[PDB]
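>>> Chains from the complex, first installment, not repositioned:
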Amino acid sequence: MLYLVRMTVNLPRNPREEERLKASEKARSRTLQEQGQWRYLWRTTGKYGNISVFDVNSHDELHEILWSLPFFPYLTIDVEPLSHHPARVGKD
Amino acid sequence: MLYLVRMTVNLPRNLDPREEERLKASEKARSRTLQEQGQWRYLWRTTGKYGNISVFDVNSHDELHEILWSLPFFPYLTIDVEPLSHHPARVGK
């Protein structure tokens, strides 16, 4: 199933824990994309966040994936279920 | 260039049943052509709703505007357009 997911990032104002967090975040998203759950990843133009499409088998699968993100504590997340559009040409 | 585009459809209640049929028909045909040529890259429907949430791939704002204006549904659409940029953490195209 497909979900359109928007995330905005707000990291704390305060060390070099920062750069290990960011590398950890980037490493996690690499795996999820490679394995197929994180189908699409874009950056909203002018923003610190992403707009994504996830392809998973349950609400809980998506929930756990998001929860597992290093950034999660600092994320504002919106989840929107997507359905097949009858006029679609090709695959959803 | 990529745009995330949301369209909400509000067709008049007083549409002649036959006219409404052919409006839907030409809309479908128009979006078919745009998908075939690639400008309308992704087309989905928000679960529980009419309309669509889409991703367009065009060369300029003006090209997208013309395309959207060309849709038979345009007079009855509420459209939100949102520019998308490459994400450095992206793996793939």
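Looks like it arrived, so ask away. Numbering: from 1, shown residues only, chains lettered A, B, ... in the order given.

>>> Roughly how far does residue A:3 sit from residue B:70?
From residue A:3 over to residue B:70 the distance is 30 Å, taken as C-beta to C-beta, to the nearest Å. Bear in mind the C-beta positions are built from the backbone N, C-alpha and C, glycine included.

>>> Run through who's touching the longest helix along chain A.
Counting residues, the longest helix found in chain A (DSSP state H) is helix A:17-35. The contact list for helix A:17-35, computed with C-beta atoms under 8 Å, 6 or more residues apart in numbering or on different chains, reads A:11, A:38-39, A:41, A:65, A:68-71, B:89-92.

>>> who does the strand or helix carrying residue A:7 pair up with?
For residue A:7, the element it lies in under DSSP states H and E is strand A:2-9. Here strand A:2-9 is paired, per DSSP bridges, with strand A:49-55 (antiparallel), strand A:75-83 (antiparallel).

>>> quick check: angle from the longest one to helix A:17-35?
Put plainly, it is strand A:75-83. Here strand A:75-83 runs at an angle of 10 degrees relative to helix A:17-35 (axes from the mean of the first three to the mean of the last three C-alpha atoms, to 10 degrees).

>>> Strand A:75-83: how far from the chain's middle?
Centroid separation between strand A:75-83 and its chain, computed with C-alpha atoms, centre = their mean, to the nearest Å, is 9 Å.

>>> try the shortest one
Its chain's C-alpha centre lies 4 Å from the corresponding centre of strand A:49-55 when counted by C-alpha atoms, centre = their mean.

>>> Append chain C to the structure above:
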Amino acid sequence: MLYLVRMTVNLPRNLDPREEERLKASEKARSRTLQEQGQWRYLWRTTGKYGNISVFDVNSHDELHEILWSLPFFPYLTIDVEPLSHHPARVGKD
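One more chain to add, chain C, which I have set with the ones above:
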């Protein structure tokens, strides 16, 4: 899979009464079936209002979308769909 769904009903003023009642009976029959079959798990009325707050139990987004699209009221419904996940503190079944 569970979804929390809010529906608000706005029937046109100028609806022909026969049909309007024919439409209401149809809505009621369609929802009776979906409840009997288990897809429409919970159905409550938002007090003070003409609509409902529901929990649907289906196996895909598209299954839900088709169900909502099949409602006689659909053209007059304002719908909000919220995906629900398991809460670790939950005792018993979701």
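
>>> Using CSV, write out the CA atom coordinates for the longest helix of chain A.
Output of helix A:17-35 as CSV, limited to C-alpha atoms (Å, rounded to 0.1, in the frame of the first residue of the first chain):
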residue,chain,number,x,y,z
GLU,A,17,26.2,14.4,18.4
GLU,A,18,24.6,16.4,15.6
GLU,A,19,26.7,15.0,12.8
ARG,A,20,26.4,11.4,14.0
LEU,A,21,22.6,11.8,14.2
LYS,A,22,22.5,13.1,10.6
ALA,A,23,24.7,10.4,9.3
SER,A,24,22.6,7.8,11.2
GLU,A,25,19.4,9.3,9.7
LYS,A,26,20.8,9.2,6.2
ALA,A,27,22.0,5.7,6.7
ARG,A,28,18.6,4.5,7.8
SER,A,29,16.8,6.1,4.8
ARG,A,30,19.3,4.5,2.5
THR,A,31,18.3,1.0,3.7
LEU,A,32,14.6,1.7,3.5
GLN,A,33,14.9,3.0,0.0
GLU,A,34,17.2,0.1,-1.1
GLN,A,35,14.7,-2.4,0.4
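
>>> Those residues of chain A touching chain C, which are they?
A:1-3, A:58-60, A:62-63, A:79, A:81-84 (C-beta under 8 Å from any C-beta of the partner chain).

>>> rerun at 6 Å
A:1, A:58-60, A:63, A:81, A:83-84 (C-beta under 6 Å from any C-beta of the partner chain).

>>> here's chain D, drop it on:
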Amino acid sequence: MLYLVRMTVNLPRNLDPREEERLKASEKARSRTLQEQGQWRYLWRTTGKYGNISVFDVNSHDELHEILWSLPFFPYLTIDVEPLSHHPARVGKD
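Time to bring in chain D:
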């Protein structure tokens, strides 16, 4: 009577850990009790979020208020309460 209740959790950042685990534990234990007793009927979590969306079954507004006020999390919660009524087309029990 039934209420749809949404709770959004905003735990203090830069608040000691051992303390934070104790708080979460007492919250978890508190909701278990209430779920066992039946006042906290349904408990879900909105996909992608930290909080819960729930349905409470109590005998009065005051009883609900006291229950919510009793939650270890209460000082860090944003809470929306929405009364639920019987829906004429309901098949089965509310």
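
>>> same question on the contacts of helix A:17-35, but now with chain D added
A:38, A:70-71, B:89, B:91 (C-beta atoms under 6 Å, 6 or more residues apart in numbering or on different chains).

>>> just stretch A:69-79 next, same as before
A:3, A:5-11, A:21, A:24-25, D:47-48.

>>> Specify which member of these is nearest to chain B.
Nearest to chain B out of the contacts of stretch A:69-79 is residue A:25 (C-beta to the nearest C-beta; 7.8 Å).

>>> Could you tell me how many residues sit around the nearest residue to residue A:68 once chain neighbours are set aside?
In this structure, residue A:68 finds its nearest non-sequential neighbour in residue A:28, 6.9 Å apart by C-beta to C-beta, 6 or more residues apart in numbering or on different chains. Using other C-beta atoms under 10 Å in any protein chain shown, residue A:28 has 18 neighbouring residues.

>>> try residue A:85
Residue A:85, neighbours per other C-beta under 10 Å, totals 19.

>>> how many neighbours does residue A:19 have?
9.

>>> got the contact list for the residue nearest the centre of chain A?
Taking C-alpha atoms, centre = their mean, the centroid of chain A lies closest to residue A:52, which sits 5.3 Å from it. Taking C-beta under 6 Å, 6+ apart, we find residue A:52 in contact with A:5, A:41.

>>> partner residues bridging it?
Beta-bridge partners of residue A:52, as defined by DSSP bridges: residue A:5, residue A:41.

>>> tally of neighbours for the spatially closest residue to residue A:48 that is not a sequence neighbour?
Nearest non-adjacent residue to residue A:48, counting by C-beta to C-beta, 6+ apart: residue A:9, 4.9 Å away. Other residues within reach of residue A:9, judged by other C-beta under 10 Å, total 14.
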